[PDB]
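Participant: Sequence first, structure after, both from an experimental entry:
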Amino acid sequence: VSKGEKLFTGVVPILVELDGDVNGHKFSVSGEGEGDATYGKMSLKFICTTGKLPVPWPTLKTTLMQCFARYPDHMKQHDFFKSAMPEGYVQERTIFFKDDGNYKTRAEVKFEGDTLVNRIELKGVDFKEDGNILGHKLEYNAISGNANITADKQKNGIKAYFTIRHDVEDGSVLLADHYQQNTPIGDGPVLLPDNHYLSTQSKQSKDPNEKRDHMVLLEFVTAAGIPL
């Protein structure tokens, strides 16, 4: 086992912080939970700390820790995310919502002592004030599916791409086209993978004792696409 992989063999505490601005509507989200990468598992609860969340929770799920993926033994040499730890990586995305605005996100994912911390800035522009996002017309349901990973040797990191299909309350679909770039924070060697994907199985719920705007997730993430 590498130094980075060794940090994830047990249960790891998670802290998430997000500062957001969508069409000048400012909001903050905090999250807490535990990661168990041996089983690809994350258990998370997110709270909007600024009152009412001005966008649907589903639009923030992908923004709110691919280091917790389970890489099968035969694919361990393709796990860039753990290889960058503990110093961490920067994760940047643009998410283009078809016929609506875009989110630009920049996050730093690293260990602070024993805690895996994900610190995120999100900026959203050009949204329709009574579209499906600012109008809150998305179904509060689980998003599952694949994130396609490729090496980015020029940046000593990875790129990813995938589309999320958000269900709209009228039975339409809002496509969220994700472009992702990750770069290591430290100067130590990282693993540059062959092409593969991460498969996410998600269960989304509410805490009946929580009065704050919130989202509870149970996520399972598995690397795939290179045969045993």
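Facilitator: Nice, I can see it. Numbering: from 1, shown residues only.
Participant: CA atoms for contacts and neighbours, from now on please.
Facilitator: Will do.
Participant: Okay, and the beta partners of residue 46?
Facilitator: For residue 46, the beta-bridge partners are residue 31, residue 215 (DSSP bridges).
Participant: those helices in this protein, which residues are they?
Facilitator: All helices of the chain, identified by DSSP state H, fall at 3-6, 80-83.
Participant: what sits against the residue nearest to residue 85 when sequence neighbours are not counted?
Facilitator: Nearest-residue entry for residue 85: residue 4, 4.9 Å, with adjacent residues in sequence omitted and distances by Cα to Cα, 6 or more residues apart in numbering. Residue 4 makes contact with 82-86, according to Cα atoms under 8 Å, 6 or more residues apart in numbering.
Participant: try 6 Å
Facilitator: Applying Cα atoms under 6 Å, 6 or more residues apart in numbering, we find residue 4 in contact with 82-83, 85.
Participant: With residue 123 instead?
Facilitator: In this structure, residue 123 makes contact with 20-22, 103-104, judged by Cα under 6 Å, 6+ apart.
Participant: ok so, going back, tell me which of the helices of the chain lies nearest to residue 202.
Facilitator: Proximity to residue 202 (Cα to Cα) singles out helix 80-83 among these, at 20.0 Å.
Participant: which residues are in contact with that closest one?
Facilitator: The set of residues external to helix 80-83 that reach it, using Cα under 6 Å, 6+ apart, is 4-5, 67, 190-191.
Participant: got a winner among those residues for most neighbours?
Facilitator: Among these, the one with the most neighbours (other Cα atoms under 10 Å) is residue 67, at 25 neighbours.
Participant: about what we covered before: so of the helices of the chain, which one's packed in deepest?
Facilitator: Using mean count of other Cα atoms under 10 Å, the stretch among the helices of the chain with the greatest mean number of neighbours is helix 80-83 (a mean of 26).
Participant: Now the terminal residues of stretch 77-89, how far apart.
Facilitator: End-to-end distance for stretch 77-89: 17 Å, by Cα to Cα, to the nearest Å.
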